[PDB]
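Written below as C-alpha cells is the structure these notes are about.
Side chains included, hydrogens not; waters and symmetry mates left out as well; all remaining heavy atoms used. Note that ligands are numbered from 1 as they come in the structure, with each ligand's atoms numbered from 1 the same way. Index from 1, following the sequence.
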Amino acid sequence: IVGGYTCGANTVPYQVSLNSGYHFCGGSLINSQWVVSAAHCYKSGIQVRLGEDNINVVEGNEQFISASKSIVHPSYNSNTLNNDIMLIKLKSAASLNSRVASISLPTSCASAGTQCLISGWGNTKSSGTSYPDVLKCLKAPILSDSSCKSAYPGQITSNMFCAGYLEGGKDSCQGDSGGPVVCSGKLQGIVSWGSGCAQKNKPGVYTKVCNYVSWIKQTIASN
Ligand SMILES: [Ca+2]
C-alpha cells in the first residue's frame, strides 16, 4: 500500500496473509473454512495466516492453517487477468472472535464514489521498494467505469473496477495482490493489477466480487 496508514493490529480481522515460506499475497476470510484471493496468487503449498499484524513476529493472535485445496475461477485468463479470483479451503476451521472474523459477501454491487478500505503488506513505495511488516490501510473511492476504461484502454472488463486516485500517490501495490477492498462492510474487490503503483492516471484495478457471489456460494456448498 502506497500512501496509506498503519491499520492497527487486528483492526482488519478478515485480512489474511498467504505464506509459502514468506508472505506472497493477501486474501479475505469469508467463512471459517474459506478464503477469497486473486487467481494470479495461485500456487501449491499455501499456508493461510490469520490474525496477523507484524508478519515477521509472533504477537499472540495468529492462526496458521494449511490450505487443503485451491480453486481458481474456471474462466481465469492470466494474460488479461479477467476473472482474477480464487478460493482457498483451510484444512481446519479458523477460530472466530473479534480479531479473526469473516467478511460478508456483497448482495449488491457497489457504485462509483463509494468509499472503501484496501489493505495489505505490499510495497509502500511508488519508485523503488520497501515492504512493511505491519498491515497497511488505504481509504479510497471506487472510480467510474468510464474513467477506468479511459485510464486503461482496451483492458477493463465487466469483471473489473478501478479504485483510488487519478492524481497518483495512493494505491495498492505488489504484495497486496489478492487482498480485500471492503466497502460498507462488504467485500467488493480483490487487489488485481495496475500499471506500476500510485502513478498518475493509473489507478488500481480490482476484481469485481459481486459478479462472483453465485460461483463462490455454489463452490463452497460442494467442496
Ligand atoms: Ca505475526
Do you know which of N82, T207, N211 makes side chain to side chain donor-acceptor pair (under 3.5 Å) with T157? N82
Which atom pair, heavy atoms only, marks the closest approach of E52 to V57? OE1-O, 4.5 Å
Ignoring waters, how many N, O or S atoms from the protein are under 3.0 Å from the Ca ion (ligand 1)? 4
Donor-acceptor side-chain pairing of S37 and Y42 below 3.5 angstrom: no
Taking all heavy atoms of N61 and all of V100, pick out the closest pair and write down the distance. O-CG2, 4.2 Å
Cation-pi check, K136 onto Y5 ring (under 6.0 Å, within 45° of axis): no
Answer yes or no for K208 and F161: cation-pi contact, defined as NZ/CZ to six-membered ring centre under 6.0 Å and angle to ring axis within 45°. no
